[PDB]
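From first to last, the protein sequence lines are chains A, B, C, D, E and F. In the authors' numbering, each number is its position in the first sequence, counted from 1, plus 2. In the authors' numbering, each number is its position in the second sequence, counted from 1, plus 754. In the authors' numbering, each number is its position in the third sequence, counted from 1, plus 430. In the authors' numbering, each number is its position in the fourth sequence, counted from 1, plus 1307. In the authors' numbering, each number is its position in the fifth sequence, counted from 1, plus 89. In the authors' numbering, each number is its position in the sixth sequence, counted from 1, plus 252. By construction, the Cβ of each residue, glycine as well, lies at the ideal position given by its N, Cα and C atoms. What follows is one structure encoded as structure tokens, with my remarks underneath.
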Amino acid sequence: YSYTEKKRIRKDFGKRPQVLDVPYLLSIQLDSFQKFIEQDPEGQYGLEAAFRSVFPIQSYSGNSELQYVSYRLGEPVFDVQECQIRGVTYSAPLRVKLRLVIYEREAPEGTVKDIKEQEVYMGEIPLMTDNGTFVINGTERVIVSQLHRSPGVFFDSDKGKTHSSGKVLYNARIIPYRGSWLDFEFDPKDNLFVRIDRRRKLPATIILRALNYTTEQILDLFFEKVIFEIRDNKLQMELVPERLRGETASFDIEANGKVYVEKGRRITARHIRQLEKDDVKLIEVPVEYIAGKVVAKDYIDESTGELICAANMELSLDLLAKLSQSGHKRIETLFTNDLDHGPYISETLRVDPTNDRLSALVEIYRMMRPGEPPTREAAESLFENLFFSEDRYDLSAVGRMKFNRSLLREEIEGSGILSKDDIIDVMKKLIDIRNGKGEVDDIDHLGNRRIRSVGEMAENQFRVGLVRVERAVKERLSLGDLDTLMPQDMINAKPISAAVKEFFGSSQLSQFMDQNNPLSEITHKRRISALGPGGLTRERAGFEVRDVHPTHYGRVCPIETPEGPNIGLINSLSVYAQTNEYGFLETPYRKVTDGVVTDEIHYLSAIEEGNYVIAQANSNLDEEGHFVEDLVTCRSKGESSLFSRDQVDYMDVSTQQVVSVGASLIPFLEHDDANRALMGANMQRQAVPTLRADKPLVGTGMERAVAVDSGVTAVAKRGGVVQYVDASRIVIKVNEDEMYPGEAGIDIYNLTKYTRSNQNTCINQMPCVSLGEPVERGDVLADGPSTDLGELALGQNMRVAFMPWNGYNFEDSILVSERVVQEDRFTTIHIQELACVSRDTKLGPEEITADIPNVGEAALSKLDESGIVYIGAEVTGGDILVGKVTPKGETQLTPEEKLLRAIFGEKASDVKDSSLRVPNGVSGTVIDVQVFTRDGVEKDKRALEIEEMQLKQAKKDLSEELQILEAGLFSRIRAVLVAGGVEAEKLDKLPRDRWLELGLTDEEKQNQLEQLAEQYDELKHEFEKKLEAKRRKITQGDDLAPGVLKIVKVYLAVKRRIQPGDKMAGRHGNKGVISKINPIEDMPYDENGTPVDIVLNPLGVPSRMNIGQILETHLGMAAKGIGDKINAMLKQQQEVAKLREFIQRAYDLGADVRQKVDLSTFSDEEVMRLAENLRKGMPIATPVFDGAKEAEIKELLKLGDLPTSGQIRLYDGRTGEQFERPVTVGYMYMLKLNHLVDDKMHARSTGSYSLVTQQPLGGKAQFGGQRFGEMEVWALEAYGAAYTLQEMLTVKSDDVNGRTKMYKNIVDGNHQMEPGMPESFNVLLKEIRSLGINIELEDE
Amino acid sequence: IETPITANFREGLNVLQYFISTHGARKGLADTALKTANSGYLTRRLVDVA
Amino acid sequence: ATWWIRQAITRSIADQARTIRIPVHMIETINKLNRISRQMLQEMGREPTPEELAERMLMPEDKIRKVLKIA
Amino acid sequence: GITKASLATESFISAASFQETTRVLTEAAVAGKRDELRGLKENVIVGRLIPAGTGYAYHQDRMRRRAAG
Amino acid sequence: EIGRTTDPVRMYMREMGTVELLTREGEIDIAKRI
Amino acid sequence: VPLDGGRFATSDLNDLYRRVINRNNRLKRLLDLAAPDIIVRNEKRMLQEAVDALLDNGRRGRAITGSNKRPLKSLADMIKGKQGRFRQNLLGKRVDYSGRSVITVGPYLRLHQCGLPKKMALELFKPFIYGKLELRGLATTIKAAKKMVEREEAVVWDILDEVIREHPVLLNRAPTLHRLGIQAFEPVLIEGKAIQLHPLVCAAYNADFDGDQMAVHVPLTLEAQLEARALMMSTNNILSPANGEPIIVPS
DNA sequence: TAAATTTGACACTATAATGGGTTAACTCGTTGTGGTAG
DNA sequence: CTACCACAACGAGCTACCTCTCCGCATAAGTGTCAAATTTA
RNA sequence: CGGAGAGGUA
Ligand SMILES: [Mg+2]
């Protein structure tokens, strides 16, 4: 155990010994973008691949080319926090070394005339933060992966679309990574057709002819030949015996002297076997057998010179007689059957009206571009560019692999374009599927869907920008001057930057981050969206793709998805699920060998998983040897069954590998229903962080991993001893073994204090380590917003009794006591940012001043001389934040105030009130004021003071950084010199800074001494340079929007407490709303006198089938009872041995628990600290599907001196009577969701109106009115409610005269209406008249 | 499916039975929204006709 | 004929391209600005500032004139 | 059917507000139809009292003033 | 042919393409006629 | 119309009209210029395409897209459709004097009472409070009443209690499937931010207390008040209209 | 209003340049053509 | 001559509410007289 | 004060 968990050890009830640790939860995004950025010259990934795929480029002649050399990313101008503050993209400049070589035309190959190379600047690609996040325009964005259909070939069939026949129609499809599509399909008459790019249909032999194939070659490729021989006016065939299966003998199958078949007998398999055992080859036939057969090859007479019969025509008696009298003794015919060898190619050729290649090109031309006069070269160019061009067709080597796998080839590589053999093979496979050999492919099968991450998408968009700039540069280079034109002067950086910025700012996948707690960020980055560019839509999906497929086992969680219209399109990646090199999803498996489950782990894809036999994770083992039982439950080929102990091939690595991160944090998931588990997993990521984070008593053990890997805490990079602890920063001194002889060995962790998050929540970093503590690497030093000693703490654990109470818990409603609101357990902090912009109007600039007219000193008590509220002043609704004032305009000026304008001064009545105020209901202090200005205008006294404070803080903290690091360096120098020699008093009798000139003979230790001195000099130099750079950066003016003078941003900090209307929920989907805050004296109290804090409703248990909450309640009571015993012992101050005994006894209580913790190793101080940390209750880890059982929880209840049933006797606090039945009581972990009544409630009497329809606006932010929809109109109609309907249609809505008359009359007390014609009706009349159709209100 | 889910919600389910029940849970959840939309359309048409 | 055809096309694009009609001289200046910006963006590796464009643009034009020239 | 009966209603405004507005409006324009405003939806659209419940009598009164004069 | 098409650009190019190009001297006689 | 950033946000109809007028003017120019026949034929064809795109974009052929690569909204699209004039501005309208809030359970009420919060009640009855304040003589002008209710004296609260007495309000929850989705209740002033419903009416509303929300409307005229009192009161519609059975049942 | 001046409009560039970019390609019922075969 | 089928095209898809971000994107050659509407005293 | 895109609640 490390020292960060010795403080508080969570008891684990799991029994399966985990072999594989939980991997880094943010591996997919980081790995993808690392591949995109990093230079891989062999495995071309990202920028290098696109650069090689576009460069080099020729001219239309070929006398000038641009050769790629290398590329490099510049250092970003601003930091992450700087970009967030300034609202600019955190990007890195891309500089590429490009070489232009010029060729002579006089020489055959004059390659050496002039070479010009330099660093061209193109584009500013955004960079990824250490937590997988992008910073665009100040906001923080996340790019989610996409599960899209793989490139390759997919055979499918429609399950009886044509209801008249009921036949099964098969269709093939060739999906490339980029290019045109291709669809082979059938018809009810069994003919095969081609659809190009889902256009109209043609007979598919058109493609064959376009590939330069004639009819004889087509028949040779598809149909195999039967040989008919005419000799002396009689007919024989060459017969291969394995052909008369399932057919009826039309003639007598005879031999030279043997009789086999009679009339009206089917050739059964035993007769065929007799045929192979008699060894006959030549079989005589009558003449009517040929009638019905089709000739394979054309036949032309050598004498007359014309074709009697070409390929593919039905032979008859007259035709065979003519051919026999012609003199062709050998006839090749196609072999046809009705069950295995069907005549489809011949039928398609018959329906085909095209003779040879050029007619096929004309026909495909008339398909692709109808209405245009065809030409030979145009058709040839279009057909060669549709499929056989390297720029308009590509499978990207992953479509090639699936393509060769689905056609049962061997190599997994090849060309990126289609070819003749590929088309022949795919259509042959389609024919075979039609015949009966083979099976169609599944669409939802996880072997056909690929994960496209951020790196691939960014590479594709960058390649689009590259082809745009490439087409431009190729056009410009071919005609302009060639000698004095630098390579950087043609390339415009605009298209590439536009492409990357569009992708990173306005895509369907680069979305706003949900970061109200670390769990939300983690479950947002591990997200797979089936929609997006090249994906499905909410209309393009039915029940087939939304539903769970058996191949999702271990790759995709089945119980984490939005429950609205995105029920199956937004999936969550599993825990151990990695990604393949091609993008497929693979899972770990423990490899078993002849019965022993070895620790070797293999990663298996979806197609390989169905081959072997996989054992379940809940199978018991003997000393990590063989299985216990003989018949183990296993799964194979998508179905589960029983198998022997020697037939297995793999075992599940752990029982947690099926569920995702979010669903694995819910204790007792195995008892909950699927629906309520889904709801709990969905609501766990909306929990607002509270004021003081508190650990859950019943955990799972995954809290630590989620907290550490979320990148929200402050993990220690290198272990050591903490040197200086503060509320703002941590100074740590590294150990000797983990420290480079170059550096000082001092690390500084800065802590973020009260920064606004995306969802207006506060983000704070509270240090958890105290002064003088040895901490190793991987230890948490500062807890984030929802972390407690490195464990995710989303909510608070509270006392709960399950009992109905006077109707206040009626339908999921929750009654809460006053202890919860007094102790501010659910009091949150909301930091809200308000912005005021000083626009440059058309009559003068907007000034910010304290001289606001028509306002007294009562509203200006918070404003300073510059008109900005002081930091720290508490502000209420309607108060003035900044005193921005704007001119009105000559139109808004009245003649009365125009006279005094030129007499009493211009600054008299020219301006009006346009100050920033507080939205109603908002309160709280001011914590931060940022004043951004335009470069060129003097700001005010306030902004000068702001920048003075900024420079002072920067210089102070950066100087303190230097001082601490140099103190550590001098300490290292002292340690090194005393490791060399013996000098103790002479160092401390001399100034600390003068510890460098002392020395002796030169050796290695003197060498790192000199290296340390050099690092000191470089340290102070970098100090000075970064100080100067920071000063210049802060003294310069920001680049604002055009027409903007200055922007004032004010941060308010509201403190929100709970009130009737605030939603709460547990972790088992038992959501509810607060109904009443109850005084503590009325609460039902137990025998001891402790009142229950919250009273829930029991009826939500049976109907929703979430028993995990009851078991969690009992487990929480047991844990809190043990913790109460510990607290009582500590308060009595008994001993150190007794506490050690009791804690050890409580730890080793499970039956076959995985962990083994022993208290003899721990010292007395560790025991005391542990007991102090457990005095509030012992945390318990309950893994999903492998958690504690009823016997264990009852043993815990017995140890803690609680009734085993979990139910205690309550007394009514209001009256003192005893409740007739025992009531289940225990501690449950409740959250506080982000649906607050403050943000939900809204009211409006009369406000602003729209322009076109002139009815009141809609929205709380813009003070709108509620819509009275069509359904409610029908309801009032059904009542017969005429007058209310009329008043809601005319006078409370878009009728200008009626509503102002209504206001005037109600102000006068008379309650009467005067309706009028609504404006929307006249809008409709004018629109329909503009349609050109005369409509009018016909009087009478 | 041939083999049924033998265990109840008190004894706790294993991995595969829970995985099986997810199918019905998701199908019902989607059918709820689909039938809601269809009922809304039918109600609109019926209100119009009469 | 090429001169006349190009002149007619560019004059047509200078009167009917946008919702709001801008005079031909202003459109020429807008380009006299677009090219300069691109030239300077290529030369320096970053987008120009208004003062740099004032320095490089013209003898009678200053920061305010071209600031007004930006829409 | 319900859709066809609703579209074939004698009032073109109700049909236009229901479905297939283009076709219904074209048919009404070519036929030179006219609306008598007898349905509840028509008066909801135009902005008068519905001929049902409390307002019904008023409409009847209006009718008995339009017919008798 | 004059059939299933709706793009004005396609039709315009179709009628435009029925007229052949002029040589170095064809323009001379055309200008002489003018 | 201009926006807050100085930029304008015009309608697509301006673009369509610009197209049509430009092509018509150029046709007139060519006609007076004696252009060849193919030229005037092309100009006439594009004029026809401008016109029909104006009438309805995606009807004849390819829809004319604007700058953001989306088809433009024609007059026919502003007439018909789910978001057209008929189904979004003539049948259903946005209404003044309307509020919205989350609901909790009130067990001490009757069938004809609803617990309205004080702030929503003050905002809804603002013209009524102005009128009664003016009648009583505590305010001289409408502006004085505005500022007085804006700083919420106790006399304002007393007059608000006087105004709401025997003044029913309509509670409404969407989707209103059947006619019982809207009902008239007498208001009772409560401190808080949630409308308190009666437990028995939750079956008619199909309303659960898990965060559900509903809207409040205020009848203004006398006919509307009697309309809500005699026809819409929760004590009148006891039996369901679908079948003759009571709907207010213990649950 | 007389006069200034930056805007606004229109007319004119004389080597030879000769056919354009492109997007994405459920389910269901009703209506109208377009043959089809005997 | 006209009873019949298979394609193409068109119109349809609950309700209400809340939050956030985006919308003159890669492309373009300058001079020269004449009128004229906004600008100083 | 508009329109699109993304997400969330009932
Ligand atoms: Mg609800």
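Please list, in chain order, all residues of the same chain as residue i whose beta carbon is under 8 Å from its beta carbon, the five residues on each side excluded.
{"i": "A:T1115", "result": "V802, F804, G1208, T1226, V1227, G1228, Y1229, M1230"}
{"i": "D:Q1326", "result": "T1310, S1313, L1314"}
Within 10 angstroms of its Cβ, does residue i collect 16 or more other Cβ (buried), or is it exposed?
{"i": "A:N922", "result": "exposed"}
{"i": "A:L1339", "result": "exposed"}
{"i": "A:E705", "result": "buried"}
{"i": "A:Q36", "result": "exposed"}
{"i": "C:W433", "result": "exposed"}
Could you give the DSSP three-state label for residue i: helix, strand or coil?
{"i": "A:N684", "result": "helix"}
{"i": "A:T581", "result": "strand"}
{"i": "A:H551", "result": "coil"}
{"i": "B:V801", "result": "helix"}
{"i": "residue 1348 of chain A", "result": "Because chain A spans 3 through 1342 in this model, residue 1348 of chain A falls outside it and cannot be assessed."}
{"i": "A:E1016", "result": "helix"}
{"i": "A:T715", "result": "coil"}
Strictly under 8 Å for the Cβ-Cβ distance: is residue i near chain F by that measure?
{"i": "E:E116", "result": "no"}
{"i": "E:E104", "result": "yes"}
{"i": "D:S1321", "result": "no"}
Within the 8 Å Cβ cut-off, does residue i reach chain D?
{"i": "F:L342", "result": "yes"}
Determine whether the Cβ of residue i lies closer than 8 Å to any Cβ atom of chain E.
{"i": "A:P372", "result": "yes"}
{"i": "F:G313", "result": "yes"}
In chain order, what residues of the same chain lie with their CB nearer than 7 Å to the CB of residue i, ignoring the 5 residues before and after it?
{"i": "A:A945", "result": "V933, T935"}
{"i": "A:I870", "result": "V884, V931, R944, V1050"}
{"i": "E:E109", "result": "none"}
Is there a C-beta anywhere in chain B that falls below 8 Å from the one on residue i?
{"i": "A:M1304", "result": "no"}
{"i": "A:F1187", "result": "yes"}
Would you verify that the beta carbon of residue i is, or is not, closer than 8 Å to some beta carbon of chain A?
{"i": "D:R1369", "result": "no"}
{"i": "B:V803", "result": "no"}
* Using the beta carbon as the reference atom, which residues fall closer than 5 Å to any heavy atom of ligand 1, ordered along the chain? -> Result (chain order): F:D460, F:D462, F:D464.
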